[PDB]
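Here's the structure we're looking at; comments come further down.
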Amino acid sequence: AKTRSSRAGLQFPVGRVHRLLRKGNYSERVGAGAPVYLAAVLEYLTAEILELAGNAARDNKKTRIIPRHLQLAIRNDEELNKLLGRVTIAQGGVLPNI
Amino acid sequence: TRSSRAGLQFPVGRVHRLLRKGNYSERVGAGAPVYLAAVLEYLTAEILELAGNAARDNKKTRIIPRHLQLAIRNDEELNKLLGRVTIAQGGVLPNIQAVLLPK
Amino acid sequence: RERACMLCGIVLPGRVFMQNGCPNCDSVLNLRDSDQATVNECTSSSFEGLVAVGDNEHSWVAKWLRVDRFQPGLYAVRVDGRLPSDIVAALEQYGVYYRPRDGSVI
Amino acid sequence: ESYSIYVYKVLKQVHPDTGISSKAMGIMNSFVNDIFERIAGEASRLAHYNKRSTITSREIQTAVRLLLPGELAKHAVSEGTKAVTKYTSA
Amino acid sequence: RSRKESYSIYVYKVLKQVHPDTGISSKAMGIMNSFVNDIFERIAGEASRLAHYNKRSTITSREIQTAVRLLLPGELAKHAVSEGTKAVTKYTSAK
Amino acid sequence: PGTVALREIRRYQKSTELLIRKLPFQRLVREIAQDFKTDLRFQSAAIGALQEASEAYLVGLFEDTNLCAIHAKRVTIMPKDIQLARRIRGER
Amino acid sequence: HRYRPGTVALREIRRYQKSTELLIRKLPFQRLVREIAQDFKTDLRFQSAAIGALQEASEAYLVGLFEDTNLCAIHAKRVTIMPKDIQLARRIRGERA
Amino acid sequence: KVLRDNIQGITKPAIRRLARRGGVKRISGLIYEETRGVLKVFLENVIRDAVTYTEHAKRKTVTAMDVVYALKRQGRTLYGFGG
Amino acid sequence: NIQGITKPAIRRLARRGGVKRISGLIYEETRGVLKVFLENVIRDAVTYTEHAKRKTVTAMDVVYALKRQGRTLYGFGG
DNA sequence: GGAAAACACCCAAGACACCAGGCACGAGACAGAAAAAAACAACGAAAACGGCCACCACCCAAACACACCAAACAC
DNA sequence: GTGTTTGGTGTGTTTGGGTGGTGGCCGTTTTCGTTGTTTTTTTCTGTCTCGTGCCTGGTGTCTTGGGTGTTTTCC
Ligand SMILES: [Zn+2]
């Protein structure tokens with residue numbers, strides 16, 4: 001298992017996250033599991049969002065996810081919308097709410 | 001000292017060291033700390049001028065947090081700059097709404 | 001890339017169906033107002049027998065293909081795939097009877 | 001650089017019969033970059049708060065605790081600890 | 001012992017420069033120290049973000065000036081830019 | 001009176017398309033930018049992002065204005081509701 | 001004699017927009033802070049300055065909220081603040097969803 | 001060529017559409033001007049920053065990233081256009 | 001311990017906030033809002049404390065937690 | 001806060017017209033890249049005074065006691 | 001109004017501890033050349049932004065009707 005992703009069972013690039021941690025001016029040194037931990041969290045969060053985006057694209061009888069479904073997924077989830085309350089989504093529209 | 005050379009009262013060496021040790025950029029040019037010390041000195045001078053005015057208005061010779069709060073919330077540009085900060089023991093400006101005043 | 005609208009039998013590019021919808025079936029299908037899944041379920045790119053109709057009123061072929069009340073253009077003798085059960089029920093709600101053009105029903 | 005192939009990987013892992021538009025991938029890339037910036041900035045802020053010059057997984061864990069809300073934080077912490085534990089084991 | 005730095009003496013110098021017959025409480029000196037630290041942090045963060053946006057390794061007076069321009073309101077920004085340019089030119093002309 | 005308004009509400013909440021016309025908005029943006037630097041060029045994506053942000057902002061503001069107007073036990077939004085909303089939001 | 005209801009209220013408003021002293025009893029607030037904190041970790045100690053900062057921030061927040069509440073109440077053409085006024089103000093700030 | 005008073009290119013039906021998407025049922029005739037001013041003050045605040053970025057990069061073209069940074073600076077993070 | 005915030009104290013805070021008349025449910029509403037606010041701030045502070053591996057909650061932890069929310073406070077050592 | 005009057009604001013329906021919009025082509029400023037070229041920032045070092053800590057003494061205004069003032073509400 | 005009379009601002013003498021100033025020292029800014037590279041500089045390519053032009057009709061909009069929902073009034 002040459003890749004750090006395989007060694008961790010991940011899909012995101014551990015090496016790019018490490019590179020970004022170093023060439024990003026956050027600290028003089030970086031651990032060895034800090035990039036791994038952050039990549040795991042990021043992959044989990046993207047999967048979490050993609051779950052609801054797939055749900056929303058399937059609720060609109062659509063096979064492809066578009067910005068509308070990402071907007072719906074984010075603005076319909078209590079925790080994601082609290083996390084992402086100050087983020088504008090392009091072509092996301094609004095939620096039908098009368 | 002580098003403050004005298006620039007006709008300043010704020011420290012240039014201290015500010016340069018804080019910029020250097022703050023992980024802000026790989027390197028720091030030499031015209032940034034002089035400029036920043038001048039800006040900070042100007043802003044503190046403005047604050048202290050208005051706070052001294054506010055303390056004299058109350059006929060006091062020493063600035064307390066109340067005068068800082070009054071000076072900040074009374075100046076439009078500063079109040080826009082310090083719009084989210086709360087000052088401990090600063091109070092509020094005296095402000096009674098028009099409709100609550102007696103008739 | 002061209003697809004054949006299952007209901008009326010017209011053949012137009014799939015992107016045209018998505019962007020503008022069926023000029024004839026929009027009164028009952030709302031193809032433009034429908035997602036890609038519904039567009040595929042009502043417009044199929046797999047078909048046979050390209051047909052060009054000039055005058056719907058007097059063409060016996062158009063009457064034989066039941067397209068004499070539609071816009072002249074590209075039409076397909078046989079279209080692969082049928083309308084879904086939910087869309088069939090929705091059309092039956094409107095009072096319109098759907099006759100498949102797949103050839104398996106005659 | 002973009003996270004598009006990784007989002008495809010995650011999507012097919014999660015939703016084999018769903019596809020993503022170009023704009024939705026742009027949004028996802030913006031989201032990933034934004035979250036990385038937030039978390040890394042908070043980790044640096046913590047390191048400075050505690051007079052440290054290294055970002056270790058503890059700083060990242062408590063940064064995730066600060067940023068994410070309760071249940072989200074709990075699940076993300078579990079995911080990160082699982083991944084770090086298995087990377088250490090391997 | 002604990003030789004920790006602050007801006008108290010500089011705040012006092014500025015006070016005696018603007019208001020000779022006015023003192024300052026310790027709590028107000030604390031507020032002024034917190035204010036100085038805050039403004040430093042804001043300006044340095046903006047300058048860092050700008051340098052990294054423009055792919056530069058150096059924080060010069062241009063970055064500081066444009067962060068000041070972005071951050072302060074019209075008259076305040078104008079006076080601050082005047083002050084900074086004056087000080088920079090006075091510092092550079094001498095040595 | 002009152003049905004087509006609900007139909008328009010429903011329609012526009014179902015959609016995402018920008019509501020301000022693109023070229024009048026482009027010219028307005030150029031006119032405003034003409035104060036900050038003379039004879040500027042603009043990327044198209046810059047104008048698109050600006051229009052998306054402006055419409056999102058205005059829609060949120062209209063949401064808050066409707067909330068205030070309903071609070072006042074009304075149904076018609078008036079400029080003082082917008083003013084109250086911008087005051088409470090902390091806008092200058 | 002007797003004052004109209006609201007005259008002593010305005011005298012108090014003038015008195016309290018002038019002063020800066022904390023309007024909550026300190027010990028109840030300290031006990032409340034420890035009770036709340038005890039739901040995250042038992043046997044916690046607090047420097048007195050931490051409680052002071054918490055009390056200052058909480059009162060400052062509440063006063064700003066009361067200002068917004070007054071704005072809402074006067075907008076509705078009323079004078080008495082109500083829980084619905086608070087809920088509307090907290091929603092409009094972006095504090096309540 | 002100089003642009004003069006193009007705020008009225010935000011037609012009244014456009015403002016009505018923005019209000020309807022916002023959930024407004026009955027719109028006062030003075031709203032449209034209110035809104036117009038508000039939008040002006042917003043755009044003037046965003047553009048002033050975007051231009052500030054463009055001039056600091058010693059450029060002559062306003063890029064999409066300049067807009068993205070100006071919005072990010074105001075807490076207006078925008079997904080879809082970069083970030 | 002939330003009833004230690006008596007009605008007169010909430011009245012004092014509303015009067016400094018300019019409130020002339022007060023309903024009867026405002027007191028419970030204010031207790032709930034304050035509890036939520038304090039909960040958030042203390043959650044952040046306790047997170048900071050646990051991370052710093054301490055058993056005492058300092059004023060710096062509160063100040064960083066308020067800086068996290070955006071409620072910057074001057075005069076406590078910042 | 002509820003009930004009551006009522007009026008005119010805003011929407012709604014309609015026809016007329018504009019210019020946005022759509023597309024195109026042309027031109028080229030300026031952006032992106034490349035190659036060149038140097039002063040500037042970092043490094044070590046030595047260097048000296050400013051800024052820190054201690055400690056001292058004075059007087060602003062905190063405090064307590066008097067008073068005139070001038071709004072409050074009663075009449 | 002007319003009136004007494006509660007509220008609040010102005011005034012004075014008294015206390016003191018915290019503001020201010022001054023001595024001692026140590027550590028951090030300072031002056032400095034060299035190193036090395038991030039800049040600046042110049043020159044070149046070429047995309048896309050500006051620039052303009054035509055035609056269509058989606059859209060903008062001017063206006064009559066009018067009703068409902070806002071503002072006021074009484075209790
Ligand atoms: Zn059809």
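Each chain of the structure tokens is named A, B, ... in the order shown, its residues numbered from 1; ligands are numbered from 1 in display order.
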Shell around residue 19 in chain I at 10 Å using only C-alpha atoms (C1' of nucleotides), local window under 5 positions removed, as a PyMOL selection string: (chain B and resi 96-97+100) or (chain G and resi 9-10+13+63+66-67+69-71+73+79-81) or (chain I and resi 11-14)
Going by DSSP on the backbone, which residues of chain B come out as helix (DSSP H, G or I)? List them as a short mmCIF file (atom, residue, chain, number, x, y, z; two decimals) with N, CA and C atoms, in the first residue's frame.
```cif
data_model
loop_
_atom_site.label_atom_id
_atom_site.label_comp_id
_atom_site.auth_asym_id
_atom_site.auth_seq_id
_atom_site.Cartn_x
_atom_site.Cartn_y
_atom_site.Cartn_z
N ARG B 2 13.84 53.38 15.50
CA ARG B 2 13.23 53.54 14.19
C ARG B 2 11.96 54.38 14.25
N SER B 3 11.38 54.58 15.44
CA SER B 3 10.22 55.46 15.52
C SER B 3 10.64 56.91 15.32
N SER B 4 11.81 57.28 15.84
CA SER B 4 12.27 58.65 15.70
C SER B 4 12.61 58.94 14.25
N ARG B 5 13.28 57.98 13.61
CA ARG B 5 13.67 58.11 12.22
C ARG B 5 12.46 58.36 11.33
N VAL B 12 8.45 50.44 15.77
CA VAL B 12 8.60 49.75 14.50
C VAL B 12 9.21 48.38 14.71
N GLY B 13 10.17 48.28 15.63
CA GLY B 13 10.79 47.00 15.90
C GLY B 13 9.82 45.99 16.48
N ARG B 14 9.01 46.42 17.45
CA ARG B 14 8.01 45.53 18.02
C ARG B 14 7.02 45.07 16.96
N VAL B 15 6.53 46.00 16.14
CA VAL B 15 5.54 45.64 15.14
C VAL B 15 6.15 44.72 14.09
N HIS B 16 7.39 44.98 13.69
CA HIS B 16 8.05 44.10 12.75
C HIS B 16 8.24 42.71 13.33
N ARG B 17 8.62 42.62 14.61
CA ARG B 17 8.79 41.32 15.24
C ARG B 17 7.47 40.58 15.37
N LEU B 18 6.39 41.29 15.68
CA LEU B 18 5.09 40.64 15.78
C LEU B 18 4.59 40.16 14.42
N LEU B 19 4.88 40.92 13.37
CA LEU B 19 4.54 40.48 12.03
C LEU B 19 5.40 39.30 11.61
N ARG B 20 6.64 39.27 12.10
CA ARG B 20 7.58 38.21 11.74
C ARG B 20 7.22 36.91 12.43
N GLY B 31 8.85 48.47 4.35
CA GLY B 31 7.94 49.61 4.38
C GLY B 31 6.61 49.32 4.99
N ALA B 32 6.33 48.05 5.28
CA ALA B 32 5.07 47.69 5.93
C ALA B 32 5.04 48.10 7.39
N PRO B 33 6.03 47.77 8.23
CA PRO B 33 5.93 48.13 9.65
C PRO B 33 5.90 49.62 9.93
N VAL B 34 6.61 50.42 9.14
CA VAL B 34 6.56 51.87 9.35
C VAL B 34 5.16 52.38 9.07
N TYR B 35 4.59 51.94 7.96
CA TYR B 35 3.25 52.37 7.57
C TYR B 35 2.22 51.92 8.60
N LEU B 36 2.32 50.67 9.05
CA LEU B 36 1.35 50.15 10.00
C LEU B 36 1.47 50.82 11.35
N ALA B 37 2.69 51.11 11.80
CA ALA B 37 2.83 51.84 13.05
C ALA B 37 2.22 53.22 12.94
N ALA B 38 2.42 53.89 11.80
CA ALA B 38 1.82 55.20 11.63
C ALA B 38 0.29 55.13 11.64
N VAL B 39 -0.28 54.14 10.97
CA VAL B 39 -1.74 53.99 10.96
C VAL B 39 -2.27 53.72 12.36
N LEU B 40 -1.64 52.79 13.08
CA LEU B 40 -2.10 52.46 14.41
C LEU B 40 -1.99 53.65 15.34
N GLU B 41 -0.90 54.41 15.21
CA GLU B 41 -0.72 55.59 16.04
C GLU B 41 -1.79 56.63 15.72
N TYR B 42 -2.11 56.81 14.44
CA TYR B 42 -3.17 57.74 14.08
C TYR B 42 -4.50 57.33 14.68
N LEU B 43 -4.82 56.04 14.59
CA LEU B 43 -6.12 55.59 15.06
C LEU B 43 -6.23 55.69 16.58
N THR B 44 -5.17 55.33 17.29
CA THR B 44 -5.21 55.48 18.74
C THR B 44 -5.24 56.95 19.13
N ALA B 45 -4.59 57.81 18.36
CA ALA B 45 -4.64 59.24 18.64
C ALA B 45 -6.06 59.76 18.47
N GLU B 46 -6.75 59.32 17.43
CA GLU B 46 -8.14 59.74 17.24
C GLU B 46 -9.00 59.28 18.41
N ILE B 47 -8.86 58.02 18.79
CA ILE B 47 -9.65 57.49 19.90
C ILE B 47 -9.38 58.28 21.17
N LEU B 48 -8.10 58.53 21.47
CA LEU B 48 -7.77 59.19 22.72
C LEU B 48 -8.17 60.65 22.70
N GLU B 49 -8.13 61.29 21.54
CA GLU B 49 -8.59 62.67 21.44
C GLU B 49 -10.07 62.75 21.78
N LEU B 50 -10.88 61.91 21.13
CA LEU B 50 -12.31 61.98 21.41
C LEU B 50 -12.62 61.54 22.83
N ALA B 51 -11.85 60.61 23.39
CA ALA B 51 -12.11 60.19 24.75
C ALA B 51 -11.75 61.28 25.75
N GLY B 52 -10.69 62.05 25.47
CA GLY B 52 -10.38 63.18 26.32
C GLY B 52 -11.43 64.26 26.23
N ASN B 53 -11.94 64.51 25.03
CA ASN B 53 -13.06 65.43 24.88
C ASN B 53 -14.26 64.96 25.68
N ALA B 54 -14.58 63.67 25.60
CA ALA B 54 -15.73 63.14 26.33
C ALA B 54 -15.53 63.23 27.84
N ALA B 55 -14.29 63.07 28.31
CA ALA B 55 -14.04 63.14 29.74
C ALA B 55 -14.09 64.58 30.24
N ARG B 56 -13.65 65.52 29.41
CA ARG B 56 -13.78 66.93 29.78
C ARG B 56 -15.24 67.34 29.77
N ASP B 57 -16.02 66.79 28.83
CA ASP B 57 -17.44 67.12 28.77
C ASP B 57 -18.14 66.78 30.07
N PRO B 65 -13.67 53.74 31.05
CA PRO B 65 -14.31 53.01 29.95
C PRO B 65 -15.59 53.66 29.47
N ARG B 66 -16.29 54.38 30.34
CA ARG B 66 -17.52 55.03 29.90
C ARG B 66 -17.23 56.04 28.80
N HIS B 67 -16.15 56.80 28.94
CA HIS B 67 -15.84 57.78 27.91
C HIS B 67 -15.40 57.10 26.63
N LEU B 68 -14.71 55.97 26.73
CA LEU B 68 -14.39 55.21 25.53
C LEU B 68 -15.66 54.75 24.82
N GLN B 69 -16.63 54.25 25.58
CA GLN B 69 -17.88 53.81 24.96
C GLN B 69 -18.61 54.98 24.32
N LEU B 70 -18.64 56.12 25.01
CA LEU B 70 -19.32 57.28 24.45
C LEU B 70 -18.63 57.78 23.19
N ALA B 71 -17.30 57.85 23.21
CA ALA B 71 -16.55 58.31 22.05
C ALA B 71 -16.73 57.37 20.87
N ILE B 72 -16.72 56.06 21.12
CA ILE B 72 -16.85 55.11 20.03
C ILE B 72 -18.25 55.16 19.45
N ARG B 73 -19.27 55.03 20.29
CA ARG B 73 -20.62 54.95 19.77
C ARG B 73 -21.11 56.29 19.26
N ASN B 74 -20.41 57.39 19.56
CA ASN B 74 -20.84 58.69 19.09
C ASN B 74 -20.20 59.11 17.77
N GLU B 76 -19.42 58.32 13.94
CA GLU B 76 -20.02 57.43 12.94
C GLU B 76 -18.99 56.48 12.35
N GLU B 77 -17.81 56.99 11.99
CA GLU B 77 -16.84 56.15 11.29
C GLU B 77 -16.23 55.13 12.23
N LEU B 78 -15.85 55.56 13.43
CA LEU B 78 -15.35 54.62 14.41
C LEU B 78 -16.42 53.62 14.79
N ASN B 79 -17.65 54.10 15.03
CA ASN B 79 -18.72 53.19 15.39
C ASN B 79 -18.99 52.19 14.28
N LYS B 80 -18.75 52.58 13.02
CA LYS B 80 -18.83 51.60 11.95
C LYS B 80 -17.66 50.64 12.00
N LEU B 81 -16.49 51.13 12.40
CA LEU B 81 -15.33 50.26 12.51
C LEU B 81 -15.47 49.30 13.67
N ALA B 98 -38.76 58.38 20.68
CA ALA B 98 -39.66 59.52 20.63
C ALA B 98 -41.03 59.16 21.18
N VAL B 99 -41.51 57.94 20.88
CA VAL B 99 -42.87 57.59 21.26
C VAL B 99 -43.00 57.22 22.73
N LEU B 100 -41.88 56.97 23.42
CA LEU B 100 -41.94 56.62 24.83
C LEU B 100 -41.93 57.86 25.71
#
```
Residues within 9 Å of residue 49 in chain F, only C-alpha atoms (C1' of nucleotides), excluding chain neighbours under 5 positions, as a PyMOL selection string: (chain A and resi 90) or (chain F and resi 44+54) or (chain H and resi 64+67-68+78+80-81)
Separation of CA of residue 22 in chain B from CA of residue 94 in chain E in Å: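 Taking CA of residue 94 in chain E as the start and CA of residue 22 in chain B as the end point, the length is 28.3 Å.
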Env. residues ligand 1 / 7 Å / only C-alpha atoms (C1' of nucleotides) and all ligand atoms / as a ChimeraX atom specification: /C:5-10,22-25
Residue list for chain A near chain C as number ranges by chain, 9 Å, only C-alpha atoms: A: 60-64
Can you check which parts of chain D lie within 6 Å of chain A? Per residue, the shortest pair of atoms and distance in Å to one decimal, counting only C-alpha atoms, sorted by chain and number, as a tab-separated table.
```
residue	atom	partner	partner_atom	distance
D:6	CA	A:12	CA	5.8
D:18	CA	A:63	CA	5.2
D:19	CA	A:64	CA	4.2
D:20	CA	A:65	CA	4.6
D:21	CA	A:66	CA	5.3
D:24	CA	A:67	CA	5.0
D:44	CA	A:26	CA	5.1
D:53	CA	A:28	CA	5.3
D:54	CA	A:29	CA	4.5
D:55	CA	A:30	CA	4.8
D:56	CA	A:31	CA	4.8
D:57	CA	A:34	CA	4.3
D:76	CA	A:41	CA	5.4
D:80	CA	A:37	CA	4.6
D:83	CA	A:8	CA	5.5
D:84	CA	A:37	CA	5.7
D:86	CA	A:8	CA	5.8
D:87	CA	A:8	CA	4.5
D:90	CA	A:7	CA	5.9
```
I'd like the contact shell of residue 41 in chain E - 10 Å cut-off, only C-alpha atoms (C1' of nucleotides), skipping same-chain residues fewer than 3 positions apart - returned as a compact mmCIF listing (two decimals) with N, CA, C and O atoms, in the first residue's frame.
```txt
# COMPACT_ATOMS: atom_id res chain seq x y z
N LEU B 18 6.39 41.29 15.68
CA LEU B 18 5.09 40.64 15.78
C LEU B 18 4.59 40.16 14.42
O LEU B 18 3.97 39.10 14.32
N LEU B 19 4.88 40.92 13.37
CA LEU B 19 4.54 40.48 12.03
C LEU B 19 5.40 39.30 11.61
O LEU B 19 4.95 38.42 10.87
N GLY B 22 4.27 36.04 13.67
CA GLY B 22 2.86 35.75 13.63
C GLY B 22 2.46 34.82 12.51
O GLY B 22 1.27 34.58 12.32
N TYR B 24 2.50 35.29 9.24
CA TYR B 24 1.67 36.05 8.32
C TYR B 24 2.14 35.94 6.88
O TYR B 24 1.31 35.80 5.97
N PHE E 35 -7.70 46.93 21.89
CA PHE E 35 -8.00 47.53 20.61
C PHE E 35 -6.79 47.48 19.68
O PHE E 35 -6.92 47.16 18.50
N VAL E 36 -5.62 47.82 20.21
CA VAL E 36 -4.41 47.79 19.39
C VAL E 36 -4.15 46.38 18.90
O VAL E 36 -3.85 46.16 17.72
N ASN E 37 -4.28 45.39 19.79
CA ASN E 37 -4.03 44.02 19.38
C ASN E 37 -5.03 43.59 18.31
O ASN E 37 -4.66 42.95 17.31
N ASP E 38 -6.29 43.97 18.49
CA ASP E 38 -7.32 43.64 17.51
C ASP E 38 -6.99 44.23 16.14
O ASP E 38 -7.07 43.54 15.12
N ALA E 44 -3.02 42.48 9.79
CA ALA E 44 -2.06 41.47 9.38
C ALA E 44 -2.74 40.33 8.65
O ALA E 44 -2.19 39.80 7.67
N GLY E 45 -3.95 39.95 9.07
CA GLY E 45 -4.65 38.91 8.35
C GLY E 45 -5.05 39.33 6.95
O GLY E 45 -4.89 38.57 5.99
N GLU E 46 -5.54 40.56 6.79
CA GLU E 46 -5.84 41.05 5.45
C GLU E 46 -4.59 41.12 4.58
O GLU E 46 -4.62 40.72 3.41
N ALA E 47 -3.48 41.62 5.13
CA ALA E 47 -2.25 41.69 4.35
C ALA E 47 -1.76 40.31 3.94
O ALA E 47 -1.30 40.12 2.81
```
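Reported to one decimal place, the separation of CA of residue 54 in chain H from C1' of residue 28 in chain J is 20.8 Å.
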Between CA of residue 31 in chain E and CA of residue 87 in chain E - distance in Å to one decimal: 26.1 Å
Dump as a tab-separated table the rows for residues of chain F within 10 Å of chain G: closest atom pair and distance in Å with one decimal, only C-alpha atoms counted, ordered by chain and rising residue number.
```
residue	atom	partner	partner_atom	distance
F:61	CA	G:92	CA	9.8
F:63	CA	G:92	CA	9.6
F:64	CA	G:92	CA	6.5
F:65	CA	G:92	CA	9.4
F:67	CA	G:88	CA	8.0
F:68	CA	G:88	CA	8.0
F:69	CA	G:76	CA	8.7
F:70	CA	G:76	CA	9.6
F:71	CA	G:76	CA	6.9
F:72	CA	G:76	CA	4.6
F:73	CA	G:76	CA	7.8
F:74	CA	G:76	CA	9.6
F:80	CA	G:75	CA	8.5
F:81	CA	G:75	CA	8.2
F:84	CA	G:71	CA	7.6
F:85	CA	G:92	CA	7.1
F:86	CA	G:92	CA	9.4
F:87	CA	G:68	CA	8.7
F:88	CA	G:93	CA	6.1
F:89	CA	G:93	CA	5.1
F:90	CA	G:93	CA	7.9
```
Option closest in space to chain H, from D:15, D:9, D:75, D:23 [counting only C-alpha atoms]: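 Result for the nearest residue to chain H: D:23.
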Strand (DSSP E) residues, from DSSP on the backbone, in chain F, as a PyMOL selection string: chain F and resi 41-42+76-77
Write the residues of the selection above to a file with N, CA, C and O atoms, as a PDB file, in the first residue's frame.
```
ATOM      1  N   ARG F  41     -12.366  47.211 -17.354  1.00  0.00           N
ATOM      2  CA  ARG F  41     -12.862  46.026 -18.032  1.00  0.00           C
ATOM      3  C   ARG F  41     -13.400  45.054 -16.995  1.00  0.00           C
ATOM      4  O   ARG F  41     -12.950  45.033 -15.846  1.00  0.00           O
ATOM      5  N   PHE F  42     -14.365  44.240 -17.409  1.00  0.00           N
ATOM      6  CA  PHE F  42     -15.003  43.286 -16.519  1.00  0.00           C
ATOM      7  C   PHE F  42     -15.020  41.902 -17.136  1.00  0.00           C
ATOM      8  O   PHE F  42     -15.314  41.751 -18.325  1.00  0.00           O
ATOM      9  N   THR F  76     -49.154  44.008   3.330  1.00  0.00           N
ATOM     10  CA  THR F  76     -48.461  44.852   2.372  1.00  0.00           C
ATOM     11  C   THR F  76     -47.148  45.290   3.003  1.00  0.00           C
ATOM     12  O   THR F  76     -47.130  45.771   4.140  1.00  0.00           O
ATOM     13  N   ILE F  77     -46.057  45.114   2.271  1.00  0.00           N
ATOM     14  CA  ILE F  77     -44.744  45.567   2.710  1.00  0.00           C
ATOM     15  C   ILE F  77     -44.540  47.026   2.321  1.00  0.00           C
ATOM     16  O   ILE F  77     -44.869  47.433   1.200  1.00  0.00           O
TER      17      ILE F  77
END
```
Selection near residue 29 in chain E, 10 Å with only C-alpha atoms (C1' of nucleotides), sequence-local residues under 6 positions removed, as a PyMOL selection string: (chain B and resi 63-65) or (chain E and resi 6-9+11-12+35) or (chain I and resi 75)
Filtering to N, CA, C and O atoms, could you give me those residues as a CSV table (one decimal), in the first residue's frame?
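Ended up saving to selection.csv:
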```csv
chain,number,residue,atom,x,y,z
B,63,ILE,N,-9.6,59.4,31.8
B,63,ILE,CA,-10.5,58.7,30.9
B,63,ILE,C,-10.9,57.3,31.5
B,63,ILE,O,-10.0,56.6,31.9
B,64,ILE,N,-12.2,57.1,31.5
B,64,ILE,CA,-12.7,55.8,32.0
B,64,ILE,C,-13.3,55.0,30.9
B,64,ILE,O,-13.5,55.6,29.8
B,65,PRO,N,-13.7,53.7,31.1
B,65,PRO,CA,-14.3,53.0,29.9
B,65,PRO,C,-15.6,53.7,29.5
B,65,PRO,O,-15.9,53.5,28.3
E,6,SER,N,3.3,45.3,26.1
E,6,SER,CA,2.0,45.9,25.9
E,6,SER,C,2.2,47.2,25.2
E,6,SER,O,3.3,47.6,24.8
E,7,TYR,N,1.1,48.0,25.1
E,7,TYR,CA,1.2,49.3,24.4
E,7,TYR,C,0.9,50.4,25.3
E,7,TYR,O,0.7,51.6,24.9
E,8,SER,N,1.0,50.2,26.6
E,8,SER,CA,0.5,51.1,27.6
E,8,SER,C,1.3,52.4,27.5
E,8,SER,O,0.8,53.5,27.6
E,9,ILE,N,2.7,52.3,27.4
E,9,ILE,CA,3.5,53.5,27.4
E,9,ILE,C,3.3,54.3,26.1
E,9,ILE,O,3.2,55.5,26.1
E,11,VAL,N,0.4,54.2,24.4
E,11,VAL,CA,-0.9,54.9,24.5
E,11,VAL,C,-0.8,56.1,25.4
E,11,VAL,O,-1.4,57.1,25.2
E,12,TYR,N,0.0,56.0,26.4
E,12,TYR,CA,0.2,57.2,27.3
E,12,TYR,C,0.9,58.3,26.6
E,12,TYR,O,0.5,59.5,26.8
E,35,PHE,N,-7.7,46.9,21.9
E,35,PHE,CA,-8.0,47.5,20.6
E,35,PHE,C,-6.8,47.5,19.7
E,35,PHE,O,-6.9,47.2,18.5
I,75,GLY,N,-11.2,44.8,27.4
I,75,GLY,CA,-11.1,45.1,28.8
I,75,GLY,C,-10.9,43.9,29.7
I,75,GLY,O,-11.0,44.1,30.9
```
